[PDB]
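Here the structure comes first, spelled out in structure tokens, and everything after it is commentary.
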Amino acid sequence: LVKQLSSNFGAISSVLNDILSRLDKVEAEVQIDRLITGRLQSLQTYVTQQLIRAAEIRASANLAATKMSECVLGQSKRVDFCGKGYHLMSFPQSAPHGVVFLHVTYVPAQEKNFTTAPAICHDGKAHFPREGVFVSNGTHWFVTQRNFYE
Amino acid sequence: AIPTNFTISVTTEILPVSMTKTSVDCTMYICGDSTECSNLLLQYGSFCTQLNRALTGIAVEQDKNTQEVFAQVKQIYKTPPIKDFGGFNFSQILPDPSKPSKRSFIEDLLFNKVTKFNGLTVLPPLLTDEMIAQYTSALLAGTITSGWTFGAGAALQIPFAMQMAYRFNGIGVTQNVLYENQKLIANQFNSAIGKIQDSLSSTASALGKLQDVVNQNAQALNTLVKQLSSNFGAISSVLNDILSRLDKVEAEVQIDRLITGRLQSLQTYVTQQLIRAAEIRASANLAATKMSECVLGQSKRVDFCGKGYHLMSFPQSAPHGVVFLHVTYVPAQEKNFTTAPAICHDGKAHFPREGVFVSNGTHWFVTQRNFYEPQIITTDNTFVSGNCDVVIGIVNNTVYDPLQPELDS
Amino acid sequence: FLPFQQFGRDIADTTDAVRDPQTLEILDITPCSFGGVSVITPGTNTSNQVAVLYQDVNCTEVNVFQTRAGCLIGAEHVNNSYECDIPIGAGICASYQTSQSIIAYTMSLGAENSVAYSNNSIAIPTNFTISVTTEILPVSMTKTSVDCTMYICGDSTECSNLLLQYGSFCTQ
Amino acid sequence: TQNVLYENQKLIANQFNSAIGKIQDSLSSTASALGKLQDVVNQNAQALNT
Ligand SMILES: *[C@@H]1O[C@H](CO)[C@@H](O[C@@H]2O[C@H](CO)[C@@H](O)[C@H](O)[C@H]2NC(C)=O)[C@H](O)[C@H]1NC(C)=O
Ligand SMILES: *[C@@H]1O[C@H](CO)[C@@H](O[C@@H]2O[C@H](CO)[C@@H](O)[C@H](O)[C@H]2NC(C)=O)[C@H](O)[C@H]1NC(C)=O
Ligand SMILES: *[C@@H]1O[C@H](CO)[C@@H](O[C@@H]2O[C@H](CO)[C@@H](O)[C@H](O)[C@H]2NC(C)=O)[C@H](O)[C@H]1NC(C)=O
Ligand SMILES: *[C@@H]1O[C@H](CO)[C@@H](O[C@@H]2O[C@H](CO)[C@@H](O)[C@H](O)[C@H]2NC(C)=O)[C@H](O)[C@H]1NC(C)=O
Ligand SMILES: *[C@@H]1O[C@H](CO)[C@@H](O[C@@H]2O[C@H](CO)[C@@H](O)[C@H](O)[C@H]2NC(C)=O)[C@H](O)[C@H]1NC(C)=O
Ligand SMILES: *[C@@H]1O[C@H](CO)[C@@H](O[C@@H]2O[C@H](CO)[C@@H](O)[C@H](O)[C@H]2NC(C)=O)[C@H](O)[C@H]1NC(C)=O
Ligand SMILES: *[C@@H]1O[C@H](CO)[C@@H](O)[C@H](O)[C@H]1NC(C)=O
Ligand SMILES: *[C@@H]1O[C@H](CO)[C@@H](O)[C@H](O)[C@H]1NC(C)=O
Ligand SMILES: *[C@@H]1O[C@H](CO)[C@@H](O)[C@H](O)[C@H]1NC(C)=O
Ligand SMILES: *[C@@H]1O[C@H](CO)[C@@H](O)[C@H](O)[C@H]1NC(C)=O
Ligand SMILES: *[C@@H]1O[C@H](CO)[C@@H](O)[C@H](O)[C@H]1NC(C)=O
Ligand SMILES: *[C@@H]1O[C@H](CO)[C@@H](O)[C@H](O)[C@H]1NC(C)=O
């Protein structure tokens, strides 16, 4: 925007005082009008870009507020909304013109291949887990939590 | 009213993700191959480079949108050669190895529905249709073979029927309903997919949300080009026709008239593109949100990923967009049952641990809220708190104690 | 062309074709090949070597690698894929690697992996790790304010009086 | 647990009814409550006047 003050826009000079100090009114008003049109257009361009950028910032701020409410104040069931992993808790940190969230997540680290089954027959009855899944270590059947071998 | 039967439905949600990456050269558009016009244009400073910058920013954000929507998986997963998925047929959404581009049948259907000299160019996307198809293949193979585990961390293999059992538990329906009705569920799923294929193969308007984006950008460019035909007060719209007949002094004035008009035309175009780009970005952010919370996980958000109780979703690529196939559980048939909030027994007030109390007119049962499956009311189904003189609408019945006959013998 | 037609025009009113005034044949006028020129470069704190992309042209009209993004000159084509560094377009990215030089390659989409799926095998985690990630979001931007009179006219009454003929353009 | 509601159902209904009455009293007395919508009306009207 400041650089635009250096443009002539068709005028004999970009410096308004240099136009006024050398030419009398009648034609000088024309030369000034050329600069007014160009500089006014420059401001309109600047303001339009700022309004669009401001809309972008507002969307980001709304997202940040949403995360603050549903991650720091609560616990998020939304996948990858507050970082990768199963969300536990988050911590806000301030930053210049922004906010930084530290997302604490639970990530499975080591796994084993187990044989499974959807149900077990006993006396003709079909037994299903109340919680967890059925696993076999190759000789014995166990019931264990879905997200942690126990 | 408690549902006694259910139907598995598949819905299609179509979202724009990107728009054509145009770039406009102000000198060739405004002046072309004319130095006199270019020299006049230089008196307007940076008006051009701010337009090249704005369009570059848009072009970059079109690739950012695609990457955030599709590039959510660190690895490219692939299905096994044996499709033992419990009766669920995925052959119409998985890559077809026989095509020159490994797209699914449905993706091929989607691509068949959506259809320079003045300084106006179109940049290629960074991610080709091949790269997008591979990404949707990886996301689909992960979803099918590992459920939601590939989203949080490592892809942990699980039988598909058990994965669906978890998805059913996630909506308040005990996993045993799925296994007892597994064949029915697989047949309903396969039929729903066939219906999706028939719709896409017959309803052209299905992809209107993406076609309109294509139309809006194309028309805008046509409008910009049409503006070269305007005089803007000059004796002629053709710059060379002005330069070849008039000498410098007045010709510079006639050229200035065209520069002002054409520069205004570009500014209008760029402003409209920035606003439209913001719209596309919001849509892409929504698509990425759905991808993360529907395909990689399971959504508890009502109507976020289609109507019904969400089970799973499948991404499909489309021209300048993404198509989600949302698999939902919808109650199908219901009966009128009499209910009660609690039952008095020995003065104790019994409440269900899970489910509600129902009566068929002669006997009281406890059943799941979302699926009629009557069980005998027992001490292992209900809990005691307080007594019958507080709860409004409490009824008299008996609660069977499974331990009593065990102690008598 | 019909016997009375001498010139053809495009949507922009530029000449599309002309009929030669001496020999009555039609010549199409296609403006000669042009395009944007982009420079692919590592930062100047690392190297002053660059590659040049001539957009949407063949390398004949201008070692040399023809891509659908254009003719890339100065970057060596490498068969090995990598993570995208400096994007070019159409699946091609470039980077500065090992002497050292600029390379061009088809970008990798991630490691290839298969899931050991079967109808009776489940993988259940036995251990876990607690990870912390950082998410950075903009919230605000500098609260600028611009005075149209000082910007446009400054300390000049004659200009201000002319500006008043434009009404509310400023106060908006 | 759902038993809390049933044991306290009368209290809950009375609190709900009172809260609604408070909403009515606020809307009947606080003009600024709908400012978010009035500003939209004002922004478009002024723009046309401009
Ligand atoms: C599967 O788990 C069971 C239970 O832990 C194992 O059975 C035990 O094996 C140990 C020897 O490692 C014996 O000392 C115990 O008496 C066994 N208990 C029972 C109840 O049998 C079984 O060996 C494991 N199998 C495999 C292949 O790991
Ligand atoms: C639940 O609804 C399904 C259909 O949505 C029923 O399945 C149909 O059953 C009839 C038997 O009268 C068959 O002729 C149809 O071919 C079946 N359709 C499918 C898709 O399998 C099912 O029987 C219903 N169950 C109950 C208990 O009402
Ligand atoms: C999954 O559904 C597709 C639907 O097309 C099945 O493909 C058809 O299979 C039948 C016989 O198996 C052929 O006669 C058709 O020509 C096939 N159609 C197409 C388009 O390929 C596929 O076989 C089904 N898979 C399973 C395992 O049942
Ligand atoms: C309500 O359900 C109960 C339990 O299913 C029904 O009682 C059974 O009725 C059948 C006849 O249809 C008898 O053969 C069983 O011996 C009954 N069992 C018991 C424990 O009483 C009862 O008839 C049903 N009532 C209605 C109106 O449907
Ligand atoms: C539910 O059962 C209780 C007791 O089994 C009933 O309470 C009796 O009500 C009658 C009539 O009001 C009294 O005369 C008895 O003295 C009460 N007995 C007890 C132990 O409180 C109660 O009325 C029954 N509810 C319904 C709806 O029939
Ligand atoms: C689970 O993983 C943790 C590391 O993430 C293991 O803790 C390490 O155990 C080794 C023992 O071999 C120590 O030398 C390391 O210092 C431990 N690291 C930390 C951070 O405490 C843990 O033992 C693993 N548990 C199982 C059952 O595999
Ligand atoms: C499970 O078995 C397959 C069979 O080849 C193997 O490739 C895979 O690595 C095994 N899983 C683990 C966690 O070792
Ligand atoms: C429940 O009873 C009402 C009583 O008229 C009836 O209109 C309604 O259709 C019944 N519900 C079902 C599912 O039949
Ligand atoms: C339900 O309504 C009937 C209407 O006559 C009434 O007699 C009965 O007591 C009511 N029950 C409850 C729990 O409100
Ligand atoms: C970039 O230059 C600065 C200053 O010379 C240097 O400190 C920094 O490490 C350089 N960056 C890289 C990636 O080498
Ligand atoms: C010109 O570009 C086309 C692009 O497809 C290429 O096939 C051709 O070989 C290039 N060179 C020519 C025409 O000499
Ligand atoms: C790269 O792969 C192509 C495949 O056609 C091959 O012709 C070429 O020689 C390879 N380059 C090197 C350096 O191996």
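FYI, nothing fancy with the structure tokens labels: chains A, B, ... in order, residues from 1 per chain, ligands from 1 as they appear.
Within the 12 Å cut-off around residue 1 in chain D, using only C-alpha atoms and omitting residues fewer than 6 positions from it on the same chain, the listed residues are residues 351, 352, 353, 354, 382, 383, 384 and 385 of chain B; 7 and 8 of chain D.
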Taking N, CA and C atoms for each residue, export the selection above as a CSV table (one decimal), in the first residue's frame.
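After the write, part-v9.csv holds the following:
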```csv
chain,number,residue,atom,x,y,z
B,351,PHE,N,-34.8,-50.6,38.6
B,351,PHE,CA,-34.6,-49.8,37.3
B,351,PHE,C,-33.8,-50.6,36.4
B,352,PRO,N,-33.9,-50.5,35.1
B,352,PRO,CA,-33.1,-51.3,34.2
B,352,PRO,C,-31.6,-50.8,34.2
B,353,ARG,N,-30.7,-51.7,34.1
B,353,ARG,CA,-29.3,-51.4,34.0
B,353,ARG,C,-29.0,-50.8,32.6
B,354,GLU,N,-29.6,-51.5,31.6
B,354,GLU,CA,-29.6,-51.1,30.2
B,354,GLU,C,-31.0,-51.5,29.7
B,382,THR,N,-31.4,-55.4,36.3
B,382,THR,CA,-31.9,-54.2,37.0
B,382,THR,C,-31.0,-53.9,38.2
B,383,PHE,N,-31.2,-52.7,38.7
B,383,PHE,CA,-30.5,-52.3,40.0
B,383,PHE,C,-31.6,-51.7,40.9
B,384,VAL,N,-31.3,-51.7,42.2
B,384,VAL,CA,-32.3,-51.2,43.2
B,384,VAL,C,-31.8,-49.8,43.7
B,385,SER,N,-32.7,-48.9,43.8
B,385,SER,CA,-32.4,-47.6,44.5
B,385,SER,C,-33.7,-47.0,45.0
D,7,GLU,N,-36.5,-40.1,41.1
D,7,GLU,CA,-36.6,-39.7,42.5
D,7,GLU,C,-36.8,-38.2,42.6
D,8,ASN,N,-36.2,-37.4,41.8
D,8,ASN,CA,-36.3,-35.9,41.8
D,8,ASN,C,-37.1,-35.4,40.6
```
field: Those in range 3-138 of chain A with alpha helix (DSSP H) from DSSP, as a PyMOL selection string
entry: chain A and resi 16-20+25-67
Store the residues picked out above in a file with C-alpha atoms, as a tab-separated table (two decimals), in the first residue's frame.
```
chain	number	residue	atom	x	y	z
A	16	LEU	CA	1.20	15.77	-4.78
A	17	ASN	CA	3.11	18.78	-3.45
A	18	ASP	CA	5.30	18.77	-6.53
A	19	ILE	CA	2.21	19.06	-8.73
A	20	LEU	CA	0.68	21.81	-6.62
A	25	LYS	CA	-5.43	25.25	-10.49
A	26	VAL	CA	-7.20	24.37	-13.73
A	27	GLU	CA	-5.02	21.54	-15.13
A	28	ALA	CA	-3.54	20.69	-11.72
A	29	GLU	CA	-6.99	19.59	-10.56
A	30	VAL	CA	-6.92	17.06	-13.44
A	31	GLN	CA	-3.48	15.78	-12.46
A	32	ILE	CA	-4.62	15.46	-8.85
A	33	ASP	CA	-7.77	13.59	-9.91
A	34	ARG	CA	-5.56	11.02	-11.64
A	35	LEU	CA	-3.72	10.35	-8.37
A	36	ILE	CA	-6.91	10.30	-6.33
A	37	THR	CA	-8.42	7.66	-8.59
A	38	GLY	CA	-5.29	5.50	-8.43
A	39	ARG	CA	-4.74	5.81	-4.67
A	40	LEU	CA	-8.40	5.31	-3.86
A	41	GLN	CA	-8.32	2.14	-5.94
A	42	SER	CA	-5.23	1.05	-4.02
A	43	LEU	CA	-7.01	1.47	-0.69
A	44	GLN	CA	-10.08	-0.40	-1.93
A	45	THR	CA	-7.87	-3.29	-3.02
A	46	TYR	CA	-6.14	-3.32	0.38
A	47	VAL	CA	-9.42	-3.26	2.32
A	48	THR	CA	-10.96	-6.02	0.19
A	49	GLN	CA	-7.93	-8.24	0.77
A	50	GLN	CA	-8.08	-7.51	4.50
A	51	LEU	CA	-11.77	-8.43	4.68
A	52	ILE	CA	-11.14	-11.75	2.96
A	53	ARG	CA	-8.10	-12.48	5.11
A	54	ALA	CA	-10.09	-11.46	8.19
A	55	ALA	CA	-12.75	-14.01	7.25
A	56	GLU	CA	-10.01	-16.62	7.08
A	57	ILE	CA	-8.73	-15.61	10.50
A	58	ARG	CA	-12.25	-15.67	11.93
A	59	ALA	CA	-12.75	-19.23	10.70
A	60	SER	CA	-9.45	-20.20	12.31
A	61	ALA	CA	-10.37	-18.45	15.57
A	62	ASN	CA	-13.73	-20.22	15.63
A	63	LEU	CA	-11.93	-23.52	15.16
A	64	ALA	CA	-9.51	-22.66	17.97
A	65	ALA	CA	-12.39	-21.77	20.28
A	66	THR	CA	-14.13	-25.01	19.38
A	67	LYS	CA	-11.00	-26.99	20.23
```
- request: Give the residue list for ligand 5 at 12 Å, counting only C-alpha atoms and all ligand atoms, as a ChimeraX atom specification, sorted by chain and then by residue number.
  value: /B:340,343-349,387-389,392-398
Could you save the residues just selected, with N, CA and C atoms, as a PDB file, in the first residue's frame?
```
ATOM      1  N   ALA B 340     -43.000 -48.813  31.664  1.00  0.00           N
ATOM      2  CA  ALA B 340     -43.019 -48.318  33.025  1.00  0.00           C
ATOM      3  C   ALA B 340     -41.599 -47.903  33.369  1.00  0.00           C
ATOM      4  N   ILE B 343     -40.105 -51.004  38.443  1.00  0.00           N
ATOM      5  CA  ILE B 343     -40.975 -52.029  39.010  1.00  0.00           C
ATOM      6  C   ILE B 343     -40.757 -52.171  40.517  1.00  0.00           C
ATOM      7  N   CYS B 344     -41.861 -52.213  41.275  1.00  0.00           N
ATOM      8  CA  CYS B 344     -41.812 -52.488  42.710  1.00  0.00           C
ATOM      9  C   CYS B 344     -41.796 -54.007  42.859  1.00  0.00           C
ATOM     10  N   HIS B 345     -40.970 -54.527  43.773  1.00  0.00           N
ATOM     11  CA  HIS B 345     -40.978 -55.963  44.064  1.00  0.00           C
ATOM     12  C   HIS B 345     -41.345 -56.255  45.516  1.00  0.00           C
ATOM     13  N   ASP B 346     -40.388 -56.108  46.430  1.00  0.00           N
ATOM     14  CA  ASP B 346     -40.599 -56.300  47.859  1.00  0.00           C
ATOM     15  C   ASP B 346     -40.614 -54.952  48.560  1.00  0.00           C
ATOM     16  N   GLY B 347     -40.941 -53.902  47.815  1.00  0.00           N
ATOM     17  CA  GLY B 347     -40.890 -52.536  48.273  1.00  0.00           C
ATOM     18  C   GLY B 347     -39.703 -51.828  47.663  1.00  0.00           C
ATOM     19  N   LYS B 348     -38.799 -52.582  47.036  1.00  0.00           N
ATOM     20  CA  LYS B 348     -37.640 -52.046  46.351  1.00  0.00           C
ATOM     21  C   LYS B 348     -38.040 -51.573  44.962  1.00  0.00           C
ATOM     22  N   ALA B 349     -37.432 -50.482  44.508  1.00  0.00           N
ATOM     23  CA  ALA B 349     -37.676 -49.952  43.173  1.00  0.00           C
ATOM     24  C   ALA B 349     -36.558 -50.429  42.258  1.00  0.00           C
ATOM     25  N   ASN B 387     -37.314 -46.789  46.862  1.00  0.00           N
ATOM     26  CA  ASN B 387     -38.470 -47.660  46.965  1.00  0.00           C
ATOM     27  C   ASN B 387     -39.584 -47.136  46.068  1.00  0.00           C
ATOM     28  N   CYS B 388     -40.655 -47.916  46.000  1.00  0.00           N
ATOM     29  CA  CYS B 388     -41.785 -47.671  45.109  1.00  0.00           C
ATOM     30  C   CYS B 388     -42.625 -46.430  45.428  1.00  0.00           C
ATOM     31  N   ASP B 389     -42.472 -45.792  46.585  1.00  0.00           N
ATOM     32  CA  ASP B 389     -43.337 -44.666  46.935  1.00  0.00           C
ATOM     33  C   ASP B 389     -42.863 -43.316  46.395  1.00  0.00           C
ATOM     34  N   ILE B 392     -42.846 -41.968  40.029  1.00  0.00           N
ATOM     35  CA  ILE B 392     -44.142 -41.764  39.392  1.00  0.00           C
ATOM     36  C   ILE B 392     -44.300 -42.767  38.255  1.00  0.00           C
ATOM     37  N   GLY B 393     -45.366 -43.560  38.308  1.00  0.00           N
ATOM     38  CA  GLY B 393     -45.645 -44.560  37.298  1.00  0.00           C
ATOM     39  C   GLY B 393     -45.079 -45.933  37.561  1.00  0.00           C
ATOM     40  N   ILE B 394     -44.537 -46.178  38.751  1.00  0.00           N
ATOM     41  CA  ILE B 394     -44.010 -47.495  39.073  1.00  0.00           C
ATOM     42  C   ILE B 394     -45.151 -48.501  39.116  1.00  0.00           C
ATOM     43  N   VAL B 395     -44.893 -49.704  38.600  1.00  0.00           N
ATOM     44  CA  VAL B 395     -45.890 -50.763  38.521  1.00  0.00           C
ATOM     45  C   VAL B 395     -45.429 -51.962  39.337  1.00  0.00           C
ATOM     46  N   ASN B 396     -46.396 -52.805  39.690  1.00  0.00           N
ATOM     47  CA  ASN B 396     -46.130 -54.036  40.417  1.00  0.00           C
ATOM     48  C   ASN B 396     -45.801 -55.171  39.460  1.00  0.00           C
ATOM     49  N   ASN B 397     -44.762 -55.925  39.791  1.00  0.00           N
ATOM     50  CA  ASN B 397     -44.430 -57.141  39.064  1.00  0.00           C
ATOM     51  C   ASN B 397     -43.576 -57.999  39.997  1.00  0.00           C
ATOM     52  N   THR B 398     -42.855 -58.958  39.424  1.00  0.00           N
ATOM     53  CA  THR B 398     -41.895 -59.779  40.141  1.00  0.00           C
ATOM     54  C   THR B 398     -40.568 -59.720  39.400  1.00  0.00           C
TER      55      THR B 398
END
```
message: ligand 10: which residues are within 10 Å, counting only C-alpha atoms and all ligand atoms? Reply as an MDAnalysis selection string.
response: chainID C and resid 42:47
- prompt: Neighbours of ligand 8 within 10 Å, counting only C-alpha atoms and all ligand atoms, as a VMD selection string?
  reply: chain B and resid 1 to 3 333 to 337
Could you please take those selected residues and save N, CA, C and O atoms as a PDB file, in the first residue's frame?
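out.pdb was written with the following content:
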```pdb
ATOM      1  N   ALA B   1     -42.622 -47.080  21.556  1.00  0.00           N
ATOM      2  CA  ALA B   1     -42.433 -47.813  20.311  1.00  0.00           C
ATOM      3  C   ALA B   1     -40.962 -48.200  20.225  1.00  0.00           C
ATOM      4  O   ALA B   1     -40.087 -47.329  20.270  1.00  0.00           O
ATOM      5  N   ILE B   2     -40.700 -49.497  20.103  1.00  0.00           N
ATOM      6  CA  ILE B   2     -39.350 -50.048  20.067  1.00  0.00           C
ATOM      7  C   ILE B   2     -39.166 -50.801  18.756  1.00  0.00           C
ATOM      8  O   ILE B   2     -39.988 -51.661  18.434  1.00  0.00           O
ATOM      9  N   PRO B   3     -38.129 -50.513  17.965  1.00  0.00           N
ATOM     10  CA  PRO B   3     -37.984 -51.212  16.686  1.00  0.00           C
ATOM     11  C   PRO B   3     -37.745 -52.707  16.850  1.00  0.00           C
ATOM     12  O   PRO B   3     -36.995 -53.145  17.724  1.00  0.00           O
ATOM     13  N   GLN B 333     -39.053 -51.472  11.528  1.00  0.00           N
ATOM     14  CA  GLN B 333     -40.395 -51.864  11.940  1.00  0.00           C
ATOM     15  C   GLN B 333     -40.504 -51.697  13.444  1.00  0.00           C
ATOM     16  O   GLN B 333     -39.556 -52.012  14.164  1.00  0.00           O
ATOM     17  N   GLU B 334     -41.676 -51.270  13.916  1.00  0.00           N
ATOM     18  CA  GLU B 334     -41.894 -51.014  15.333  1.00  0.00           C
ATOM     19  C   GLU B 334     -43.251 -51.549  15.770  1.00  0.00           C
ATOM     20  O   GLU B 334     -44.171 -51.709  14.965  1.00  0.00           O
ATOM     21  N   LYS B 335     -43.351 -51.826  17.069  1.00  0.00           N
ATOM     22  CA  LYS B 335     -44.589 -52.213  17.726  1.00  0.00           C
ATOM     23  C   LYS B 335     -44.863 -51.295  18.909  1.00  0.00           C
ATOM     24  O   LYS B 335     -43.941 -50.748  19.515  1.00  0.00           O
ATOM     25  N   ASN B 336     -46.144 -51.141  19.240  1.00  0.00           N
ATOM     26  CA  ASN B 336     -46.556 -50.372  20.410  1.00  0.00           C
ATOM     27  C   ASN B 336     -46.513 -51.247  21.653  1.00  0.00           C
ATOM     28  O   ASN B 336     -47.281 -52.208  21.762  1.00  0.00           O
ATOM     29  N   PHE B 337     -45.619 -50.926  22.581  1.00  0.00           N
ATOM     30  CA  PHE B 337     -45.502 -51.646  23.838  1.00  0.00           C
ATOM     31  C   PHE B 337     -45.878 -50.719  24.983  1.00  0.00           C
ATOM     32  O   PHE B 337     -45.687 -49.503  24.908  1.00  0.00           O
TER      33      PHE B 337
END
```
message: Set the cut-off to 7 Å and count only C-alpha atoms: what are the residues of chain B that reach chain A? Output as an MDAnalysis selection string.
response: chainID B and resid 43:45 152:153 162 292:293 297
field: Protein and nucleic acid residues within 8 Å of ligand 4 (only C-alpha atoms and all ligand atoms) as a ChimeraX atom specification
entry: /B:359-364
- request: Enumerate residues in contact with ligand 6: an atom-to-atom distance of at most 9 Å, counting only C-alpha atoms and all ligand atoms. Format the result as number ranges by chain.
  value: A: 109-110; C: 126-130
- prompt: Taking only C-alpha atoms and all ligand atoms into account, which residues are within 12 Å of ligand 7, as a ChimeraX atom specification?
  reply: /A:108-115 /B:80,154-158 /C:113-118,120-126
Write a file of the selected residues as a CSV table (one decimal), in the first residue's frame, keeping N, CA, C and O atoms.
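Output saved as again_21.csv:
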```
chain,number,residue,atom,x,y,z
A,108,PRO,N,-1.5,-46.9,20.9
A,108,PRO,CA,-1.0,-48.3,21.0
A,108,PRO,C,0.4,-48.4,20.4
A,108,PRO,O,0.7,-47.8,19.4
A,109,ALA,N,1.3,-49.1,21.2
A,109,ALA,CA,2.7,-49.2,20.8
A,109,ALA,C,3.2,-50.6,20.3
A,109,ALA,O,3.9,-50.6,19.3
A,110,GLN,N,2.7,-51.6,20.9
A,110,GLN,CA,3.2,-53.0,20.6
A,110,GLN,C,1.9,-53.9,20.5
A,110,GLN,O,1.0,-53.8,21.3
A,111,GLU,N,2.0,-54.8,19.5
A,111,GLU,CA,0.8,-55.7,19.3
A,111,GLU,C,1.3,-57.1,19.0
A,111,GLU,O,2.5,-57.4,18.6
A,112,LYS,N,0.4,-58.1,19.3
A,112,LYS,CA,0.6,-59.5,19.0
A,112,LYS,C,-0.5,-60.0,18.2
A,112,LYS,O,-1.7,-59.5,18.3
A,113,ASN,N,-0.3,-61.0,17.4
A,113,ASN,CA,-1.3,-61.7,16.6
A,113,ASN,C,-2.0,-62.8,17.4
A,113,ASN,O,-1.3,-63.8,17.8
A,114,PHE,N,-3.3,-62.6,17.7
A,114,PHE,CA,-4.1,-63.5,18.5
A,114,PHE,C,-5.1,-64.1,17.6
A,114,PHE,O,-5.6,-63.4,16.7
A,115,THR,N,-5.5,-65.3,17.9
A,115,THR,CA,-6.6,-66.0,17.2
A,115,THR,C,-7.9,-65.5,17.9
A,115,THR,O,-7.9,-65.4,19.2
B,80,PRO,N,-6.1,-57.8,1.2
B,80,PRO,CA,-5.6,-59.1,0.8
B,80,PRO,C,-6.2,-59.7,-0.5
B,80,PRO,O,-7.3,-59.2,-0.9
B,154,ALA,N,-1.3,-47.7,14.6
B,154,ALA,CA,-1.0,-48.8,13.7
B,154,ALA,C,-2.3,-49.5,13.2
B,154,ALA,O,-3.2,-49.5,14.0
B,155,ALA,N,-2.2,-50.0,12.0
B,155,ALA,CA,-3.4,-50.8,11.5
B,155,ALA,C,-3.4,-52.2,12.1
B,155,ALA,O,-2.5,-53.0,11.8
B,156,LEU,N,-4.3,-52.5,13.0
B,156,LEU,CA,-4.4,-53.7,13.7
B,156,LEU,C,-5.5,-54.5,13.0
B,156,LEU,O,-6.7,-54.1,13.0
B,157,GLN,N,-5.2,-55.7,12.4
B,157,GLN,CA,-6.1,-56.4,11.7
B,157,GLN,C,-7.3,-56.9,12.6
B,157,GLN,O,-7.0,-57.2,13.8
B,158,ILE,N,-8.5,-56.9,12.1
B,158,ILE,CA,-9.6,-57.5,12.8
B,158,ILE,C,-10.6,-58.1,11.8
B,158,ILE,O,-10.8,-57.5,10.7
C,113,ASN,N,2.4,-50.9,2.5
C,113,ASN,CA,2.1,-51.8,3.6
C,113,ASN,C,0.9,-52.6,3.4
C,113,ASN,O,0.0,-52.1,2.7
C,114,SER,N,0.8,-53.8,3.9
C,114,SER,CA,-0.4,-54.6,3.8
C,114,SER,C,-0.8,-55.0,5.2
C,114,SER,O,0.1,-55.0,6.1
C,115,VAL,N,-2.0,-55.3,5.4
C,115,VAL,CA,-2.5,-55.7,6.7
C,115,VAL,C,-2.7,-57.2,6.6
C,115,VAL,O,-3.3,-57.8,5.7
C,116,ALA,N,-2.2,-57.9,7.7
C,116,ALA,CA,-2.3,-59.4,7.7
C,116,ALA,C,-3.7,-59.8,8.1
C,116,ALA,O,-3.9,-60.4,9.1
C,117,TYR,N,-4.6,-59.5,7.2
C,117,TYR,CA,-6.0,-59.8,7.4
C,117,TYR,C,-6.4,-61.2,7.2
C,117,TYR,O,-5.9,-61.9,6.3
C,118,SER,N,-7.2,-61.8,8.1
C,118,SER,CA,-7.8,-63.1,8.0
C,118,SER,C,-9.1,-63.1,8.8
C,118,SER,O,-9.3,-62.1,9.6
C,120,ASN,N,-10.0,-64.9,11.2
C,120,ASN,CA,-10.0,-65.3,12.6
C,120,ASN,C,-8.7,-64.9,13.3
C,120,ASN,O,-8.2,-65.6,14.2
C,121,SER,N,-8.2,-63.7,12.9
C,121,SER,CA,-7.0,-63.2,13.6
C,121,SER,C,-7.1,-61.7,13.9
C,121,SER,O,-7.5,-60.9,13.0
C,122,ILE,N,-6.9,-61.3,15.1
C,122,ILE,CA,-7.0,-60.0,15.6
C,122,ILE,C,-5.7,-59.6,16.3
C,122,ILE,O,-5.0,-60.4,17.0
C,123,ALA,N,-5.3,-58.3,16.0
C,123,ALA,CA,-4.1,-57.8,16.7
C,123,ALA,C,-4.6,-56.8,17.8
C,123,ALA,O,-5.3,-55.9,17.5
C,124,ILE,N,-4.1,-57.1,19.0
C,124,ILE,CA,-4.5,-56.4,20.2
C,124,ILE,C,-3.3,-55.7,20.8
C,124,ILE,O,-2.3,-56.5,21.1
C,125,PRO,N,-3.2,-54.4,21.1
C,125,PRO,CA,-2.0,-53.9,21.7
C,125,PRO,C,-1.7,-54.4,23.1
C,125,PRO,O,-2.6,-54.6,23.9
C,126,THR,N,-0.4,-54.6,23.3
C,126,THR,CA,0.1,-55.1,24.6
C,126,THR,C,0.8,-54.0,25.4
C,126,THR,O,0.9,-54.2,26.6
```
Residue list for chain B near chain C as an NGL selection string, 6 Å, only C-alpha atoms: :B and (74-78 or 124-128 or 156-159 or 225-226 or 228-229)
